[PDB]
Amino acid sequence: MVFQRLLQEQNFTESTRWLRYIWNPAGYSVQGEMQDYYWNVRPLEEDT
Amino acid sequence: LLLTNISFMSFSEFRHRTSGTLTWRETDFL
C-alpha cells in the first residue's frame with residue numbers, strides 16, 4: 001500500500017525502497033553478507 | 001593492508017580477508 005501510494009505521487013526513490021521491503025532482485029544484505037533469498041516475506045518463499 | 005585500505009573494501013570483503021586470524025569482533029572493530 002505504501003509502495004502504490006508512493007508511485008501515485010511519483011516519489012520514486014522511496015517507492016523503490018518500499019518495494020525493496022518485499023522483493024529485491026539484487027539480494028538482501030544481513031550483517032554485511034549477502035543472503036540466499038530474494039523475497040523478504042517468508043510466506044512468499046514457502047507457498048503458505 | 002593498512003587502515004586506509006580497509007575503508008575502501010566492504011565488510012564482507014574485509015571479513016573474507018581475515019576470516020581465519022580474526023573473529024568478527026576485532027574485524028568489526030577494525
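Structure determination for the deposited model, as stated in its record, used cryo-EM, and the stated resolution is 2.84 Å.

A. Broad picture of the overall build of chain A. Broken down by element type, chain A carries three helices and two strands. For chain A, the N- to C-terminal ordering of α and β elements is α-α-β-β-α. With respect to the three principal axes, the spread of C-alpha positions in chain A is 35 × 30 × 15 Å. Taking as baseline every contact in chain A between residues at least 6 positions apart, the subset at least 24 positions apart corresponds to 0%. When the accessible surface of chain A is summed, it comes to about 4200 Å², and 54% of that surface belongs to carbon and sulfur atoms. Where the 4 positive side-chain charges of chain A centre and where its 7 negative ones centre are 9 Å apart.

B. Layout of the overall build of chain B. Across its full length, chain B carries three helices and zero strands. Walking chain B from its N terminus toward its C terminus, one meets helices and strands in the order α-α-α. Its C-alpha atoms put chain B at 20 × 15 × 15 Å along the principal axes. Here chain B has roughly 2600 Å² of accessible surface; of this, 57% comes from carbon and sulfur atoms.

C. The arrangement of the pattern of salt bridges in detail. Residues and elements named next belong to chain A. Tallied over the entire structure, the rule returns two salt bridges over all chains. Of the charged contacts in the structure, one is a salt bridge between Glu9 and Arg5, with a shortest N-O distance of 3.3 Å. Owing to a relative accessible area of 47%, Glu9 belongs among the partly exposed residues under this scheme. Classification of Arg5 by relative accessible area gives partly exposed; the value is 48%. Two residues, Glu14 and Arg17, come together in a salt bridge whose shortest N-O distance is 2.6 Å. Of the two residues, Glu14 and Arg17 are both situated in helix α2 (residues 12-20); the distance of three residues between them amounts to about one turn of the helix.

D. Structural context of the side chain of B:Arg15. Mapped onto the elements of the fold, B:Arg15 is located in helix α2 (residues 11-17). Apart from residues lying up to four places away in sequence, B:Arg15 is in contact with B:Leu22, B:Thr23, B:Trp24 and B:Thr27.

E. Looking closely at unusual backbone geometry. All names here are of chain A. The backbone of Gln10 sits at a positive phi, close to 60°, despite the residue not being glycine. Summarising the element assignment, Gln10 is placed in the loop between α1 (2-8) and α2. Relative accessible area serves as the criterion here: at 55%, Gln10 is assigned to the exposed category. Phi is positive for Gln31, close to 55°, though the residue is something other than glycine.

Rules of the game
- Residues numbered from 1 in each chain as written, not as in the entry; some residues may be left out.
- Chains lettered and ligands numbered in written order.
- Part of a larger assembly, values for the part shown.
- Heavy atoms only, no water.
- Helix = DSSP H or I, 4+ residues; strand = E, 2+ residues; numbered from the N terminus.
- Contact = heavy atoms within 4.5 Å.
- Areas by Shrake-Rupley, 256 points an atom, 1.4 Å probe, with all protein chains shown as cover.
- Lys, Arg positive; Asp, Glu negative; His and termini not counted.
- Charge placed at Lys NZ, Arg CZ, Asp CG, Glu CD.
- Salt bridge = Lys/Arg side-chain N within 4 Å of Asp/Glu carboxyl O.
- Buried < 20%, exposed > 50% of the residue type's maximum accessible area, 1.4 Å probe, protein only.

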